[PDB]
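Student: Below is the structure I would like to discuss, written out as structure tokens.
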Amino acid sequence: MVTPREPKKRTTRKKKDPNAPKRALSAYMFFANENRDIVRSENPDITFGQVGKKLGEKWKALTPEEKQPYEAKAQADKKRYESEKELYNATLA
């Protein structure tokens with residue numbers, strides 16, 4: 001009579017790099033890097049797989065009040081990201 005079907009799956013990861021700047025962590029990484037244990041401390045049974053995919057809810061829930069100073073900080077790292085970039089290029093000069 002009827003019987004639909006259509007799975008889905010995919011995953012690809014590899015390749016590495018030297019002392020190169022990922023891309024200047026995001027204001028999120030800053031708050032997470034610190035709020036990466038606050039949650040892990042409440043869910044030590046889980047991993048970043050769900051922890052790092054949960055903090056995103058707190059970051060956004062951190063309101064513009066908490067993201068105000070936080071993000072404002074990532075606004076400076078924009079330069080710091082050049083510190084690790086100077087070396088990266090220094091390797092390919």
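In the structure tokens, chains take letters A, B, ... by order of appearance, with residues numbered from 1 within each chain and ligands from 1 in the order shown.
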Near segment 2-17 of chain A, within 12 Å and counting only C-alpha atoms, which residues show up once chain neighbours fewer than 4 positions away are dropped, as a PyMOL selection string?
Tutor: chain A and resi 21-22+88+91
Student: Just N, CA, C and O atoms for this one: save the residues we selected as an mmCIF file, in the first residue's frame.
Tutor:
```cif
data_model
loop_
_atom_site.group_PDB
_atom_site.id
_atom_site.type_symbol
_atom_site.label_atom_id
_atom_site.label_comp_id
_atom_site.auth_asym_id
_atom_site.auth_seq_id
_atom_site.Cartn_x
_atom_site.Cartn_y
_atom_site.Cartn_z
ATOM 1 N N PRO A 21 46.396 30.468 13.657
ATOM 2 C CA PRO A 21 45.227 30.960 14.365
ATOM 3 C C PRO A 21 43.939 30.443 13.722
ATOM 4 O O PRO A 21 43.621 30.796 12.588
ATOM 5 N N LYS A 22 43.231 29.614 14.476
ATOM 6 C CA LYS A 22 41.985 29.043 13.995
ATOM 7 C C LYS A 22 41.203 30.112 13.227
ATOM 8 O O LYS A 22 40.922 29.948 12.041
ATOM 9 N N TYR A 88 52.313 31.924 11.843
ATOM 10 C CA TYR A 88 51.811 31.065 10.785
ATOM 11 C C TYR A 88 52.441 31.428 9.439
ATOM 12 O O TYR A 88 52.913 30.554 8.714
ATOM 13 N N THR A 91 56.133 30.970 8.906
ATOM 14 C CA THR A 91 56.508 29.634 8.478
ATOM 15 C C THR A 91 56.514 29.545 6.951
ATOM 16 O O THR A 91 57.255 28.751 6.374
#
```
Student: Near residue 82 of chain A, within 12 Å and counting only C-alpha atoms, which residues show up once chain neighbours fewer than 3 positions away are dropped, as a ChimeraX atom specification?
Tutor: /A:19-24,76-79,85-90
Student: Counting only C-alpha atoms, figure out which residue out of A:93, A:61, A:51, A:46 gets nearest to residue 33 of chain A.
Tutor: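 Closest residue, counting only C-alpha atoms: A:51.
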Student: Which residue gives the smallest distance to residue 50 of chain A among A:1, A:36, A:92, A:84, with only C-alpha atoms counted?
Tutor: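 For residue 50 of chain A, the nearest of the given residues is A:36.
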Student: For a test of reading the model, state the distance in Å between atom CA of residue 44 of chain A and atom CA of residue 58 of chain A, rounded to one decimal.
Tutor: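 Separation of atom CA of residue 44 of chain A and atom CA of residue 58 of chain A: 17.4 Å.
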Student: Taking into account only C-alpha atoms, which residue in the set A:35, A:27, A:43, A:18 is nearest to residue 70 of chain A?
Tutor: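 Looking only at the distances to residue 70 of chain A, the closest residue turns out to be A:27.
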Student: What is the distance between atom CA of residue 48 of chain A and atom CA of residue 34 of chain A, in Å to one decimal?
Tutor: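 If I compute the distance from atom CA of residue 48 of chain A to atom CA of residue 34 of chain A, I get 13.1 Å.
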Student: Enter the distance from atom CA of residue 28 of chain A to atom CA of residue 41 of chain A, in Å, rounded to one decimal.
Tutor: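 Computing it gives 18.6 Å between the two atoms.
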Student: As number ranges by chain, please: every residue in chain A that DSSP puts in helix (DSSP H, G or I).
Tutor: A: 27-35, 48-51, 55-60, 63-80, 83-91
Student: Keeping only N, CA and C atoms, write those residues as a short mmCIF file (atom, residue, chain, number, x, y, z; two decimals), in the first residue's frame.
Tutor:
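New file out30.cif:
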```
data_model
loop_
_atom_site.label_atom_id
_atom_site.label_comp_id
_atom_site.auth_asym_id
_atom_site.auth_seq_id
_atom_site.Cartn_x
_atom_site.Cartn_y
_atom_site.Cartn_z
N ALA A 27 33.12 35.30 20.60
CA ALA A 27 32.70 35.74 21.92
C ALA A 27 32.14 34.54 22.69
N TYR A 28 31.59 33.60 21.95
CA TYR A 28 31.02 32.41 22.55
C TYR A 28 32.11 31.54 23.19
N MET A 29 33.16 31.31 22.43
CA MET A 29 34.27 30.50 22.91
C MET A 29 34.82 31.06 24.22
N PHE A 30 34.84 32.38 24.31
CA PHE A 30 35.33 33.05 25.50
C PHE A 30 34.49 32.69 26.72
N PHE A 31 33.18 32.86 26.57
CA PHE A 31 32.26 32.56 27.65
C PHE A 31 32.17 31.06 27.89
N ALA A 32 32.34 30.30 26.82
CA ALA A 32 32.29 28.85 26.90
C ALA A 32 33.57 28.34 27.55
N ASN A 33 34.69 28.75 26.99
CA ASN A 33 35.99 28.33 27.50
C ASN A 33 35.96 28.36 29.03
N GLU A 34 35.13 29.25 29.56
CA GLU A 34 35.00 29.39 31.00
C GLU A 34 33.76 28.64 31.49
N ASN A 35 32.72 28.68 30.66
CA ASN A 35 31.47 28.01 31.00
C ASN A 35 31.47 26.61 30.40
N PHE A 48 31.69 17.24 25.52
CA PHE A 48 31.51 18.46 24.76
C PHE A 48 30.50 18.26 23.63
N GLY A 49 30.41 17.02 23.17
CA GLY A 49 29.48 16.69 22.10
C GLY A 49 28.10 17.29 22.36
N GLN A 50 27.73 17.31 23.63
CA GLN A 50 26.44 17.86 24.02
C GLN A 50 26.63 19.10 24.90
N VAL A 51 27.80 19.17 25.52
CA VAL A 51 28.12 20.29 26.38
C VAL A 51 28.41 21.52 25.53
N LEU A 55 26.02 24.93 25.59
CA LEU A 55 26.45 26.24 26.05
C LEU A 55 25.91 27.31 25.11
N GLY A 56 25.83 26.95 23.84
CA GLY A 56 25.34 27.87 22.83
C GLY A 56 23.97 28.43 23.22
N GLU A 57 23.25 27.65 24.02
CA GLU A 57 21.93 28.05 24.47
C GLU A 57 22.05 29.04 25.64
N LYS A 58 23.12 28.88 26.40
CA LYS A 58 23.36 29.74 27.54
C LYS A 58 23.96 31.07 27.06
N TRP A 59 24.83 30.96 26.06
CA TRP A 59 25.48 32.13 25.51
C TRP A 59 24.39 33.08 24.99
N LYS A 60 23.51 32.52 24.17
CA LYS A 60 22.42 33.30 23.61
C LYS A 60 21.47 33.72 24.73
N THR A 63 21.99 36.89 27.35
CA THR A 63 21.50 38.22 27.07
C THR A 63 22.64 39.11 26.57
N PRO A 64 22.26 40.32 26.08
CA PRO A 64 23.23 41.27 25.57
C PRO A 64 23.99 41.94 26.72
N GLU A 65 23.54 41.66 27.93
CA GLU A 65 24.16 42.23 29.12
C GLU A 65 25.47 41.50 29.43
N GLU A 66 25.43 40.19 29.27
CA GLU A 66 26.60 39.36 29.53
C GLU A 66 27.47 39.27 28.27
N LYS A 67 26.81 39.37 27.13
CA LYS A 67 27.51 39.29 25.86
C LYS A 67 28.08 40.67 25.51
N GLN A 68 27.60 41.67 26.24
CA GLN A 68 28.05 43.04 26.02
C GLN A 68 29.55 43.15 26.29
N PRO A 69 29.94 42.76 27.53
CA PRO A 69 31.34 42.82 27.92
C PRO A 69 32.14 41.68 27.28
N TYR A 70 31.54 40.50 27.29
CA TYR A 70 32.18 39.33 26.71
C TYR A 70 32.58 39.59 25.26
N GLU A 71 31.58 39.82 24.43
CA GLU A 71 31.81 40.08 23.02
C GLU A 71 32.76 41.27 22.85
N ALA A 72 32.56 42.26 23.71
CA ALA A 72 33.38 43.46 23.66
C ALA A 72 34.85 43.07 23.84
N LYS A 73 35.06 41.93 24.48
CA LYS A 73 36.40 41.44 24.72
C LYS A 73 36.93 40.79 23.44
N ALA A 74 36.05 40.05 22.78
CA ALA A 74 36.42 39.37 21.55
C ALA A 74 36.71 40.41 20.47
N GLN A 75 36.31 41.64 20.75
CA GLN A 75 36.52 42.73 19.81
C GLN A 75 37.98 43.18 19.83
N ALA A 76 38.68 42.75 20.87
CA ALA A 76 40.09 43.10 21.02
C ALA A 76 40.95 41.94 20.53
N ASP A 77 40.47 40.73 20.78
CA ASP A 77 41.19 39.53 20.37
C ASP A 77 41.39 39.57 18.85
N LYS A 78 40.61 40.41 18.20
CA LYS A 78 40.69 40.55 16.75
C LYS A 78 42.13 40.88 16.36
N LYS A 79 42.85 41.46 17.31
CA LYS A 79 44.23 41.84 17.08
C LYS A 79 45.15 40.70 17.54
N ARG A 80 44.79 40.12 18.67
CA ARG A 80 45.57 39.03 19.23
C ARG A 80 45.66 37.88 18.22
N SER A 83 48.67 37.75 16.31
CA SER A 83 49.89 37.33 16.98
C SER A 83 50.24 35.90 16.56
N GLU A 84 49.21 35.08 16.46
CA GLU A 84 49.40 33.69 16.07
C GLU A 84 49.44 33.56 14.54
N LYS A 85 49.05 34.64 13.88
CA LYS A 85 49.03 34.67 12.43
C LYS A 85 50.41 35.05 11.91
N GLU A 86 51.08 35.90 12.68
CA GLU A 86 52.41 36.36 12.31
C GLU A 86 53.38 35.17 12.24
N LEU A 87 53.15 34.21 13.13
CA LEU A 87 53.99 33.03 13.18
C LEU A 87 53.62 32.09 12.02
N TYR A 88 52.31 31.92 11.84
CA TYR A 88 51.81 31.06 10.78
C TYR A 88 52.44 31.43 9.44
N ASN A 89 52.43 32.72 9.14
CA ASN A 89 52.99 33.21 7.90
C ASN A 89 54.52 33.13 7.97
N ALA A 90 55.04 33.35 9.16
CA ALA A 90 56.47 33.31 9.38
C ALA A 90 57.01 31.96 8.90
N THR A 91 56.13 30.97 8.91
CA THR A 91 56.51 29.63 8.48
C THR A 91 56.51 29.55 6.95
#
```
